[PDB]
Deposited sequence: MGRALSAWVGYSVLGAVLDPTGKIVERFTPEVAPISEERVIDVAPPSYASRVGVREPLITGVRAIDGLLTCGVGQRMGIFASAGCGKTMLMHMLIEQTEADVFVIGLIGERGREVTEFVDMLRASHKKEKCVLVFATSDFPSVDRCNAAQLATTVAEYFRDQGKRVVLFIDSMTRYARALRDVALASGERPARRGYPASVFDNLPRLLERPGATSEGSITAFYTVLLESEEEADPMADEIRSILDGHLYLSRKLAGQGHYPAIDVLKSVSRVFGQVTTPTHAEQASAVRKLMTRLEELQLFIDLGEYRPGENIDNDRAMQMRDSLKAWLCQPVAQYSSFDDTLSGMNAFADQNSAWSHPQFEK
């Protein structure tokens, strides 16, 4: 029952896995803090509310085709070098919320330093709390890092705030759970992961969500560690979450950022967070996308098809510093849906 001090005193601060403020980039907002246990259970399913509103991320692809809900839990699935951390930075930059909580689990110390430098550059400095653990820490503290980030998010949610929590990565948190379980007598069950791991991923992953007070919307990064190897964890985490964003290294090599493969992504809350007009426009654009990709890798029909493909790829491509209001995103959605209605038809 390890506890830690959380609250307004950690705003604009960097916390080590035990809640010690090791750095600030903002004068302390206020000296208000509770003691809280960092590993508690999710709230009762019957105390939840529905994922109603959308969360406007300012990213066109997400807000248009994969709209997130306030209280949703979303995964960011990618192999190496596809831009998970950069997508996190863009989401922090362009999303509107009261508090942003980031949990860096088991990265190099220099990566922690680079993230904190980016955090210092931003205009939302006073709204952010970073909790970190490097690979040099024991696995216990790597688990405590994510648990503590979740606890900070929960504090500010109980204050009635819209919180956005990030965990980079859930792959490393799962491996740290595995190592702590193994190094205490527990036996492996599936791909060397002890059984308790599978009971302890949702325990953490089901803590975010909306309540009668405020809300926590959560993004978790998952590594697609190699083909045809061990990925029981990627699939299990996919199971636990309310959707996922897949980043293809195909698009990443082109420089098409964010490297979101829309056809491989889904927001399982899209139906209840979007208007019916938006929903049918999004279905039209998804039909158009899949119809175009059916051709891609194979006269004037093909001219129109591929120039439309270029237009769509350009509309999806968007730099980190660039922000798109929901209105602008929706009008672009309407235009491409129009392009599905009046279509060239090469078959």
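- Gaps between the deposited sequence and the modelled coordinates occur at 1 to 3, 302 to 311, 361 to 363, listed in sequence order.
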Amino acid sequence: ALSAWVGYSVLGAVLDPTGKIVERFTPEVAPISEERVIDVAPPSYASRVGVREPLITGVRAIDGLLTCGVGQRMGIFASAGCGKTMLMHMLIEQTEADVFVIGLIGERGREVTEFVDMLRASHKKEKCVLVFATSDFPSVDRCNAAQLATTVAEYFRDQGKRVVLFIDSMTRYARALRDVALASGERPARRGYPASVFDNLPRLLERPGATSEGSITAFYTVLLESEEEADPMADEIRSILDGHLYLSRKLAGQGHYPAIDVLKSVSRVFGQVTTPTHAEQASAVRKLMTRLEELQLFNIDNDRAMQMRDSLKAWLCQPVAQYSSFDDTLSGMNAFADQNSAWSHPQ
From here on, numbers count along this sequence of modelled residues.
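- Remark: stretch with higher mean C-alpha B factor among 70 to 78 and 106 to 114 is 106 to 114.
- Taking only CA atoms, the mean B-factor in the PDB entry is higher for 261 to 269 than for the other of 261 to 269 and 96 to 104.
- Among 202, 160, 208, 188, the highest C-alpha B-factor recorded in the PDB entry belongs to 188.
- For the set 183, 130, 177, 90, the maximum C-alpha B-factor listed in the entry falls on 183.
- Among all modelled residues in its chain, residue 137 ranks in the middle third by Cα B-factor.
- Among the modelled residues of its chain, residue 124 has a C-alpha B-factor that falls in the middle third according to the deposited record.
- Residue-level temperature factors show residue 60 in the lowest third of its chain, judged at the C-alpha atom.
- Looking at the C-alpha B-factors along this chain, the one for residue 334 belongs to the lowest third.
- Ranked within its chain, residue 50 lands in the highest third, by CA B factor from the PDB record.
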